[PDB]
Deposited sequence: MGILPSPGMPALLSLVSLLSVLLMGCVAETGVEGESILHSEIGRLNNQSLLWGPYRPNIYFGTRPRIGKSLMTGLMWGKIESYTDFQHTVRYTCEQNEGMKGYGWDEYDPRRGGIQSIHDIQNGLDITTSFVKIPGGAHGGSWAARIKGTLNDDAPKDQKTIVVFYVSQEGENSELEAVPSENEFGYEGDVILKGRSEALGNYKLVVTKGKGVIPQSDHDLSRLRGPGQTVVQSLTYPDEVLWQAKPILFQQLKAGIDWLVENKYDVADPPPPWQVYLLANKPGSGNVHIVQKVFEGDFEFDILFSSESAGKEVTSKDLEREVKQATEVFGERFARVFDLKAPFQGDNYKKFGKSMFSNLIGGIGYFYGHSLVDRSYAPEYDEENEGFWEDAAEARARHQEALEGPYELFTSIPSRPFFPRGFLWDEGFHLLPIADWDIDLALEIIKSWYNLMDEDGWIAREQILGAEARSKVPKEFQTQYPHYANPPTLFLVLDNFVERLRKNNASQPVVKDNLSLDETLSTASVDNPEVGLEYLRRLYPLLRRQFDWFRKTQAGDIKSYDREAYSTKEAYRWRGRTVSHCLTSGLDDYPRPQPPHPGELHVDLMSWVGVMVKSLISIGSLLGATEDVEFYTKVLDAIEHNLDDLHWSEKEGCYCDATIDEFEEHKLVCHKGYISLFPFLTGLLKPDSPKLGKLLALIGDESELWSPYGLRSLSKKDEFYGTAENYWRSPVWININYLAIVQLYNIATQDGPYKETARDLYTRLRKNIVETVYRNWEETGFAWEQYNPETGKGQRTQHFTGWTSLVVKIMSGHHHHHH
């Protein structure tokens, strides 16, 4: 049955618009296969289209906004794009139609509606770009009956091992097609849909924009050679219409030119399924997806007071849909330093300098290929897997569809190497590398990242401990406990590998110093830190011991090990791995003690990181902020704990962490408040705030001395965080990376969906 569900999930999730790095396109979860991409741009002159054409996601003054209104990876959804430069409001509806043996069929409707400021007679060029990679596969444009192009639909017929036989149809669409009276029309036609079928070596097919432009340049060169000139030039839109030349190849360019509003459909028909997909199929299946989307949301994301109103419902749908709509499939080689240079051990004072020298050897090389199916923080700026981000992304996603979340976790864990390392930033293939300066591509096998994916596993375990085919499949791994357990059974070794890996590579040093503590074992130090940064912790510029030092201990890291060990206890125990559960219990106990012995400041009333003095003694270094609260944030303290009580005071203290907009990353009293790049040195970040809220609720709904403070802080923090993110969404249309504690303004990057989307689950409550 486990095997059976896997196959059914496989088949359900195969197709999607799994290209979140571009405005609109599709690919299945297969490295070397069939991909599609949308491009459009207005044309007003002989030289503007190169500047106006849209393809890869960006965000600037020319673009008002864009995103998913509704989305489910099993079903499809609807995306709207508001493009200022091109005076266009676009809608891209996509839908999956199950059947056959190759992962079903799909359709999409591209609708462009000019806005009020656009010339009513604007010419918009639209391209649908189709590529296919693989050795033993074919794809061909059925030729037109007409001389110069297509009056009606474009039919591509194709075949591969993975997809079997299929056809892909670009419909004629609705809208005015401009007509040219020029002499050129005798050779190029008056104006009509055109197709160019080309061949490039497979590994460059992703480069759709240069491939298209090469064709346009060549058409223009032909005009020049053939005496079309400035005495009597064809109109721009005809100069930029490709000579129709359909045939065989691994690239197919389908080009339409419209005057005013337009729409057209894409129909993908898997031959092994029943009849081919039609535009009436599309319309109906879109209406149906909306309905199911609506019904699922009201159930899964039932927003509690005071967010039960419609304004917040719309907000929630937008935040949720953008987060789950970010899901992509990535495939290819990564850049990794496999030297394991000894300088990376950071065992001496001044290690950052040695580590730099090693990096300057540039031993990194490409390896793989790898695949990853994951949600992402940022479509415009970094559309790719980030390890601790994903832990946050999947919390709302698991609510929606635990089986999808398990799938994403599985995908991440399949990256893990023999030693137990997963790169914290997954840059898979040349398309992905195009977004990243070469200088920042290289992953380091000694760089950890918070293991927040355990939090998702935690939530699955509690769900395990306590309809349409799609609805069925979404919860199959909880409803069928045998299946849940087999999944955990298979993942459990890699979890332990990771745990062991943290203990081997991220080890702090007690024994070499005047350090005493309940345990000589439990002590941790993030590898990879520089004078100003600690990227691997995820809190980039949060203030840490100065200077960095091999004797550092980091209270956040130990807390994460604490998270992993509690998770190992629950998972081990479901699998009766008795001897390990004994090992885990001994570790947890040592951490609880060593958190106090090594990290607690009775003086400051919070946890602190620790270094080694110029006199070689263990010195606490206290920077009141997120780090300070870690044992609490990660659920490690007893609800009666006096330490927790002092942390509650710090959290609620306005002069320290408590802004009207949420918890400040760093206290206003801290000497480093607002300094440097001020990334994690004051702003309000949603992911840590989410953790505080969850922990306040836990205390609030349980007997103890702080139940009542916890309740007030929960109530208020939930309110401040949600309302801040809502307020900014209402005014700007965006989720932001972080929020200003002075003004409440969203700042840094937009389209951060992204852990800002946690706000949908904060509104939902009932933890």
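- Missing C-alpha coordinates mark the following deposited-sequence intervals, in order: 1-37, 504-514, 816-819.
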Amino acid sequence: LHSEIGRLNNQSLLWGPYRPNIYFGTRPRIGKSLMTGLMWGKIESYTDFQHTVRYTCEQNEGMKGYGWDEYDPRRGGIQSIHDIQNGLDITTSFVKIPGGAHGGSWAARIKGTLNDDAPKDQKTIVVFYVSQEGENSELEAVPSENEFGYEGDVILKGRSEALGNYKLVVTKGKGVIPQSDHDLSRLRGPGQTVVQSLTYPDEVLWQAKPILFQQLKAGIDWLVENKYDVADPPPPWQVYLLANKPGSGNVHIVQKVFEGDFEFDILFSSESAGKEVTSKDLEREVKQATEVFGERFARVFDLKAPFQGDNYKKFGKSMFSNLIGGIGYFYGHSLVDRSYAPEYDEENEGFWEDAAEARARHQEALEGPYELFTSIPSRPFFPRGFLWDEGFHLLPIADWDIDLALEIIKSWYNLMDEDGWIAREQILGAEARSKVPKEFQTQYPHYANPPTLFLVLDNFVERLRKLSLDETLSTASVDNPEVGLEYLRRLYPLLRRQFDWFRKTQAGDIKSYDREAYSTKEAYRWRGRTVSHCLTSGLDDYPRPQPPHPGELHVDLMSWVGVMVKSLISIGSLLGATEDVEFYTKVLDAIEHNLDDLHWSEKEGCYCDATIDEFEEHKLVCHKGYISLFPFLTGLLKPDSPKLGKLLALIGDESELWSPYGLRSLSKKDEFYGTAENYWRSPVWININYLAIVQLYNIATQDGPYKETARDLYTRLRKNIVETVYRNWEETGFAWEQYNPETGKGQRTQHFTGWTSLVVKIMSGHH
From here on, numbers count along this sequence of modelled residues.
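- Compared against other deposited entries of this protein, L467 counts as often unmodelled, lacking coordinates in at least a third of those that resolve the residues around it.
- Between 135-143 and 444-452, the higher mean Cα B-factor belongs to 135-143.
- If you average the C-alpha B-factors over 702-710 and over 735-743, the higher value belongs to 702-710.
- Ranking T92, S318, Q85, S601 by the C-alpha B-factor listed in the PDB entry places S601 at the top.
- Residues shown: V336, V127, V286, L535. Highest C-alpha temperature factor in the entry: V286.
- In this PDB entry, the Cα temperature factor of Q11 sits in the top third of its chain's modelled residues, the highest group.
- Placement of the Cα temperature factor of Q426 within the chain: lowest third of the modelled residues, per the deposited record.
- Annotation for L415: CA B-factor lies in the lowest third of the chain's modelled residues.
- Annotation for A358: C-alpha temperature factor in the middle third relative to the rest of the modelled chain, per the entry.
- Ranked against the other modelled residues of its chain, the C-alpha B-factor of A365 as given in the entry falls in the middle third.
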